[PDB]
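Student: Okay, here's the structure, questions in a sec.
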Amino acid sequence: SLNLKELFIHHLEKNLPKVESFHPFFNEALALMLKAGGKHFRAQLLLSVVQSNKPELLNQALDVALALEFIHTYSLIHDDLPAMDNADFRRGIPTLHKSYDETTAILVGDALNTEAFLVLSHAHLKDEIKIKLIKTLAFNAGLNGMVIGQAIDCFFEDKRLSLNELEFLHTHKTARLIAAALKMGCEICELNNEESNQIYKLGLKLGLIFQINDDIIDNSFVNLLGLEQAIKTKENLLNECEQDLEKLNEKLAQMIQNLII
Amino acid sequence: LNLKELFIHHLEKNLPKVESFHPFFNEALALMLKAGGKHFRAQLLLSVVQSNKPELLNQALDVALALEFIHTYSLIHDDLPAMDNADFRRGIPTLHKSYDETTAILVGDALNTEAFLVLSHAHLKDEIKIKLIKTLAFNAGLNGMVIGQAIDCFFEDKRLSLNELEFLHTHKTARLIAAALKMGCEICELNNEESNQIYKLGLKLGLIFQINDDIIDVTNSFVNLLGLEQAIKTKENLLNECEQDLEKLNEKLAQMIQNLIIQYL
């Protein structure tokens with residue numbers, strides 16, 4: 001029977017990035033955070049789009065999901081560094097800079113960033129599709145998305161942001177990559193630009209909702225707005241999505257409804 | 001046609017930036033790109049293109065740009081306190097001194113990813129761009145530059161054999177130099193046989209440059225392992241081999257590479 005979570009986990013475990021060398025632990029360090037855990041939300045968003053539109057491409061989409069998770073994992077490794085979040089644990093295990101050293105954590109993250117593009121470029125898909133996928137990932141994972149969001153999050157931690165600035169921060173830090181996962185699913189399936197763009201825009205909204213939701217369940221929306229208004233902001237957004245959303249296929253729509261959990 | 005100036009002008013009008021309320025991220029992105037750099041890797045690539053398909057030279061500038069983005073990101077990360085802990089690079093303070101470590105880490109991360117954005121947007125056929133991305137990500141990533149740097153850092157204070165030292169340098173610097181040449185060939189859709197020969201020449205140049213550095217330092221190292229006499233003899237042997245390899249290239253390309261080599265040495 002079909003289980004996308006298991007399918008991807010097995011794909012990841014069979015395709016860990018590695019290089020033959022006399023370095024005594026680099027391969028182990030590369031694999032560690034990939035194997036340790038991860039809900040693979042971004043991989044699953046992408047695979048859901050593919051399964052709901054062109055299921056015949058599901059196996060070929062696995063490498064694209066893998067590239068997404070390589071980017072996500074590298075980001076976690078760098079963000080956990082002492083200069084930034086300074087985290088001692090991640091995904092149930094010690095962070096790479098604690099198990100090895102800061103150099104290793106920095107370099108493993110660098111390797112995974114670059115390796116995402118090697119894996120994408122080798123995907124079993126037409127070159128025209130792979131170029132679209134690379135554009136989408138590099139735009140949303142790079143300075144136009146994830147990286148500027150992280151830079152803003154770090155720089156303004158000891159400062160104050162307006163609501164609009166806070167929305168900009170989170171939209172870039174996390175929502176862009178979530179939107180990218182959905183859009184890349186559309187691109188694998190060669191969906192029309194209209195639909196792919198609608199799904200991307202929905203992804204941006206879902207990403208913001210996730211961040212506010214997280215702040216609630218607890219640069220925070222609740223600190224800025226208060227709990228009552230934060231819940232109000234989230235609820236509205238489920239609604240804005242609802243209108244926008246209903247246009248996307250009931251098939252995909254329910255799969256997506258589940259992953260948000 | 002002055003390829004050096006052509007590329008500098010291209011870089012200066014293609015500095016990566018994003019509109020935001022961050023007070024300095026754009027300036028930090030640009031700082032090391034603008035500050036300096038001999039652009040040796042860019043120039044190797046552009047020389048190949050100019051010599052073979054000059055009608056693609058302008059389109060190739062974006063591919064040269066991607067190479068220099070990778071190279072610059074690597075310098076910024078290598079200069080971090082955890083690694084080389086450098087206070088200056090290209091004549092200015094390092095990013096972690098002018099700004100902070102977080103900025104240096106993230107600017108490097110941005111440039112790594114941006115190399116692929118720029119490459120993917122080049123005005124070249126998608127088939128060519130996929131080949132170029134494969135070449136860059138292989139040679140700049142864990143299969144090349146990154147494993148080279150990890151080895152260099154870990155074994156800085158440990159004894160390496162000659163073969164291990166060769167492995168270190170071939171991965172850390174030679175593979176990206178070879179990639180620059182091979183990427184020029186790929187832009188031109190040069191046959192695999194000549195493209196592979198030119199990649200191998202890049203590997204040799206990379207090794208020659210590192211042996212030359214070890215020799216210059218005394219005037220883990222090749223000199224310590226081989227002795228100054230044998231190290232010089234090895235560099236000279238390798239240079240003579242390169243002379244023969246250059247004779248097998250188009251004469252104009254051979255001269256261009258000779259100029260960039262002599263410049264480097």
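A note on labels: chains of the structure tokens are A, B, ... as shown, every chain counts residues from 1, and ligands are counted from 1 in their shown order.
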Could you make a table, as CSV, of the residues of chain A that have an atom within 9 Å of an atom of chain B, each with its nearest atom pair and distance in Å to one decimal, counting only C-alpha atoms, in chain and number order?

Tutor:
```
residue,atom,partner,partner_atom,distance
A:17,CA,B:142,CA,8.3
A:18,CA,B:142,CA,7.4
A:19,CA,B:143,CA,6.0
A:20,CA,B:143,CA,8.5
A:21,CA,B:147,CA,8.1
A:22,CA,B:164,CA,7.9
A:23,CA,B:151,CA,6.0
A:26,CA,B:150,CA,7.7
A:78,CA,B:105,CA,8.0
A:83,CA,B:102,CA,5.7
A:84,CA,B:102,CA,6.3
A:101,CA,B:82,CA,8.6
A:102,CA,B:82,CA,6.2
A:103,CA,B:82,CA,5.7
A:104,CA,B:150,CA,7.1
A:106,CA,B:77,CA,8.0
A:107,CA,B:146,CA,6.6
A:108,CA,B:146,CA,8.3
A:109,CA,B:109,CA,8.8
A:110,CA,B:109,CA,7.1
A:111,CA,B:142,CA,5.2
A:112,CA,B:142,CA,8.1
A:113,CA,B:113,CA,6.9
A:114,CA,B:141,CA,5.5
A:115,CA,B:141,CA,6.4
A:116,CA,B:137,CA,8.7
A:117,CA,B:137,CA,6.5
A:118,CA,B:137,CA,5.2
A:119,CA,B:134,CA,8.6
A:121,CA,B:130,CA,5.9
A:122,CA,B:134,CA,7.4
A:127,CA,B:127,CA,5.8
A:128,CA,B:126,CA,5.8
A:130,CA,B:130,CA,7.7
A:131,CA,B:120,CA,6.1
A:132,CA,B:120,CA,8.2
A:134,CA,B:120,CA,6.7
A:135,CA,B:117,CA,5.7
A:136,CA,B:117,CA,8.6
A:137,CA,B:117,CA,8.4
A:138,CA,B:117,CA,5.2
A:139,CA,B:117,CA,6.5
A:141,CA,B:113,CA,7.5
A:142,CA,B:110,CA,5.3
A:143,CA,B:110,CA,5.3
A:144,CA,B:18,CA,6.0
A:147,CA,B:110,CA,6.3
A:148,CA,B:18,CA,7.8
A:150,CA,B:106,CA,8.1
A:151,CA,B:106,CA,6.9
A:152,CA,B:22,CA,6.2
A:154,CA,B:102,CA,7.8
A:155,CA,B:22,CA,7.9
A:156,CA,B:22,CA,8.6
A:165,CA,B:21,CA,7.9
A:168,CA,B:20,CA,8.6
```

Student: Where does DSSP see strand (DSSP E) in segment 2-150 of chain A, if you list the residues as a ChimeraX atom specification?

Tutor: /A:89-90,93-94

Student: Write out as a list in words which residues come within 12 Å of residue 2 of chain A when counting only C-alpha atoms, dropping same-chain ones fewer than 6 positions away.

Tutor: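 Neighbouring residues, sequence-local ones excluded: residues 8, 47, 48, 51, 55, 58 and 59 of chain A.
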
Student: Could you dump the residues just selected with C-alpha atoms as a compact mmCIF listing (two decimals), in the first residue's frame?

Tutor:
```txt
# COMPACT_ATOMS: atom_id res chain seq x y z
CA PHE A 8 10.41 9.22 1.48
CA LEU A 47 4.96 14.65 -2.86
CA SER A 48 1.29 15.29 -2.08
CA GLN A 51 0.55 12.15 -6.04
CA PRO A 55 1.04 9.86 -9.54
CA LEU A 58 5.94 10.03 -7.67
CA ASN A 59 9.18 8.03 -7.73
```

Student: With only C-alpha atoms as the basis for distance, which of A:192, A:254, A:15, A:223 is at the shortest distance from residue 70 of chain A?

Tutor: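 For residue 70 of chain A, the nearest of the candidates is A:15.
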
Student: List every residue of segment 46-258 of chain A that DSSP, applied to the backbone, labels as helix (DSSP H, G or I), and write the result as a PyMOL selection string.

Tutor: chain A and resi 46-53+55-79+96-99+102-121+127-141+146-158+163-188+193-217+221-225+227-245+250-258

Student: Just want the 10 Å neighbourhood of residue 254 of chain B, counted on only C-alpha atoms, with same-chain residues fewer than 4 positions away dropped. Output as a compact mmCIF listing (two decimals) with N, CA, C and O atoms, in the first residue's frame.

Tutor:
```txt
# COMPACT_ATOMS: atom_id res chain seq x y z
N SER B 47 37.94 32.65 -20.88
CA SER B 47 38.98 32.46 -21.89
C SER B 47 38.61 31.28 -22.78
O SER B 47 38.73 31.36 -24.02
N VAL B 48 38.15 30.19 -22.17
CA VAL B 48 37.69 29.05 -22.96
C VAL B 48 36.58 29.48 -23.93
O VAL B 48 36.65 29.21 -25.13
N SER B 51 37.71 31.78 -26.79
CA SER B 51 38.57 31.09 -27.75
C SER B 51 37.80 30.16 -28.68
O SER B 51 38.26 29.82 -29.77
N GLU B 243 52.95 22.41 -20.05
CA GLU B 243 53.38 23.02 -21.31
C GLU B 243 52.98 22.14 -22.50
O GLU B 243 52.50 22.63 -23.53
N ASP B 245 50.53 19.87 -22.45
CA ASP B 245 49.08 19.86 -22.47
C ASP B 245 48.52 21.13 -23.13
O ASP B 245 47.53 21.09 -23.86
N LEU B 246 49.18 22.26 -22.88
CA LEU B 246 48.73 23.52 -23.47
C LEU B 246 48.92 23.52 -24.99
O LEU B 246 48.10 24.10 -25.71
N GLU B 247 49.98 22.86 -25.47
CA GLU B 247 50.23 22.76 -26.91
C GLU B 247 49.11 22.03 -27.63
O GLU B 247 48.95 22.19 -28.83
N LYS B 248 48.33 21.24 -26.89
CA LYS B 248 47.20 20.51 -27.47
C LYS B 248 45.89 21.30 -27.52
O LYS B 248 44.88 20.82 -28.03
N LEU B 249 45.91 22.51 -26.97
CA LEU B 249 44.76 23.40 -27.04
C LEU B 249 44.88 24.33 -28.24
O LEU B 249 45.95 24.48 -28.82
N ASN B 250 43.77 24.93 -28.62
CA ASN B 250 43.83 26.04 -29.56
C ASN B 250 44.89 27.04 -29.12
O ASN B 250 44.96 27.38 -27.93
N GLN B 258 48.23 30.60 -20.35
CA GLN B 258 49.62 30.89 -19.97
C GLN B 258 49.69 32.23 -19.24
O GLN B 258 50.35 32.37 -18.21
N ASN B 259 48.98 33.23 -19.77
CA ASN B 259 48.97 34.55 -19.14
C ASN B 259 48.37 34.49 -17.73
O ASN B 259 48.88 35.13 -16.81
```

Student: Using only C-alpha atoms, which protein or nucleic acid residues come within 9 Å of segment 172-189 of chain A? Drop anything in the same chain fewer than 6 positions from it, and give the result as a PyMOL selection string.

Tutor: chain A and resi 41-50+53-54+57+60-61+64-65+68+72+125+129-130+132-133+136-137+139-141+144-153+195-208+210-211

Student: Write out as a ChimeraX atom specification each polymer residue whose atoms come within 10 Å of residue 185 of chain B, counting only C-alpha atoms; drop sequence neighbours fewer than 4 positions from it.

Tutor: /B:45-46,48-49,52-53,132,179-181,189-192,194-196,198-199

Student: Write out as a compact mmCIF listing (two decimals) with N, CA and C atoms, in the first residue's frame the residues lying within 12 Å of segment 212-226 of chain B, counting only C-alpha atoms and excluding same-chain residues fewer than 5 positions away.

Tutor:
```
# COMPACT_ATOMS: atom_id res chain seq x y z
N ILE B 151 38.93 18.42 5.41
CA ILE B 151 40.19 17.72 5.63
C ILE B 151 41.28 18.70 6.06
N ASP B 152 41.39 19.83 5.37
CA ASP B 152 42.40 20.84 5.72
C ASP B 152 42.26 21.28 7.19
N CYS B 153 41.03 21.57 7.60
CA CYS B 153 40.79 21.99 8.98
C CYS B 153 41.08 20.88 9.98
N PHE B 155 42.96 18.17 9.75
CA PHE B 155 44.33 17.65 9.79
C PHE B 155 45.39 18.75 9.89
N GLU B 156 44.97 19.98 10.15
CA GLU B 156 45.90 21.10 10.27
C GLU B 156 47.01 20.79 11.29
N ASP B 157 46.64 20.09 12.35
CA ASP B 157 47.56 19.79 13.44
C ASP B 157 47.92 18.31 13.51
N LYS B 158 47.83 17.61 12.38
CA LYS B 158 48.10 16.18 12.32
C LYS B 158 48.99 15.86 11.12
N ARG B 159 49.70 14.74 11.20
CA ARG B 159 50.62 14.37 10.13
C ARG B 159 49.90 13.70 8.96
N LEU B 160 50.11 14.25 7.76
CA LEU B 160 49.57 13.69 6.53
C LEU B 160 50.68 13.06 5.71
N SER B 161 50.33 12.02 4.97
CA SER B 161 51.22 11.44 3.98
C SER B 161 51.16 12.30 2.73
N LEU B 162 52.08 12.04 1.81
CA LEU B 162 52.10 12.75 0.53
C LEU B 162 50.79 12.54 -0.22
N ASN B 163 50.34 11.29 -0.31
CA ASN B 163 49.09 11.02 -1.01
C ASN B 163 47.89 11.74 -0.38
N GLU B 164 47.88 11.80 0.95
CA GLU B 164 46.82 12.50 1.67
C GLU B 164 46.86 14.00 1.42
N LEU B 165 48.07 14.56 1.42
CA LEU B 165 48.23 15.99 1.16
C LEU B 165 47.79 16.31 -0.27
N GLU B 166 48.15 15.45 -1.23
CA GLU B 166 47.69 15.62 -2.61
C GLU B 166 46.17 15.58 -2.69
N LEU B 168 44.00 16.26 -0.31
CA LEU B 168 43.51 17.49 0.33
C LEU B 168 43.46 18.63 -0.68
N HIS B 169 44.59 18.92 -1.31
CA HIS B 169 44.68 20.08 -2.18
C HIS B 169 43.91 19.90 -3.48
N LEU B 205 47.07 22.34 -12.74
CA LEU B 205 47.38 23.73 -12.40
C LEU B 205 47.14 23.97 -10.92
N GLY B 206 46.01 23.45 -10.42
CA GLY B 206 45.69 23.62 -9.01
C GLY B 206 46.79 23.07 -8.11
N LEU B 207 47.27 21.88 -8.44
CA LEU B 207 48.35 21.24 -7.68
C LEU B 207 49.64 22.04 -7.77
N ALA B 231 60.73 19.11 -4.12
CA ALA B 231 59.47 19.84 -4.30
C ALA B 231 59.57 20.74 -5.53
N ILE B 232 60.69 21.44 -5.65
CA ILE B 232 60.90 22.31 -6.81
C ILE B 232 60.93 21.47 -8.08
N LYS B 233 61.64 20.36 -8.02
CA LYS B 233 61.74 19.46 -9.16
C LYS B 233 60.36 18.94 -9.56
N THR B 234 59.51 18.68 -8.57
CA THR B 234 58.16 18.20 -8.83
C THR B 234 57.32 19.28 -9.51
N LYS B 235 57.37 20.50 -8.98
CA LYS B 235 56.66 21.61 -9.59
C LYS B 235 57.14 21.81 -11.02
N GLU B 236 58.46 21.73 -11.23
CA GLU B 236 59.01 21.96 -12.56
C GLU B 236 58.58 20.86 -13.53
N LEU B 238 55.82 19.09 -13.31
CA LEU B 238 54.40 19.32 -13.56
C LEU B 238 54.17 20.46 -14.54
N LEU B 239 54.93 21.55 -14.39
CA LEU B 239 54.87 22.66 -15.34
C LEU B 239 55.25 22.24 -16.76
N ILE B 261 48.22 31.85 -15.75
CA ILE B 261 49.17 31.05 -14.97
C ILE B 261 50.35 31.90 -14.49
N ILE B 262 51.01 32.56 -15.43
CA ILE B 262 52.18 33.38 -15.14
C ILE B 262 51.77 34.44 -14.13
N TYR B 264 49.49 34.06 -11.95
CA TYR B 264 49.28 33.41 -10.66
C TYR B 264 50.60 33.09 -9.97
N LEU B 265 51.50 32.44 -10.69
CA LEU B 265 52.82 32.09 -10.15
C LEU B 265 53.57 33.32 -9.67
```
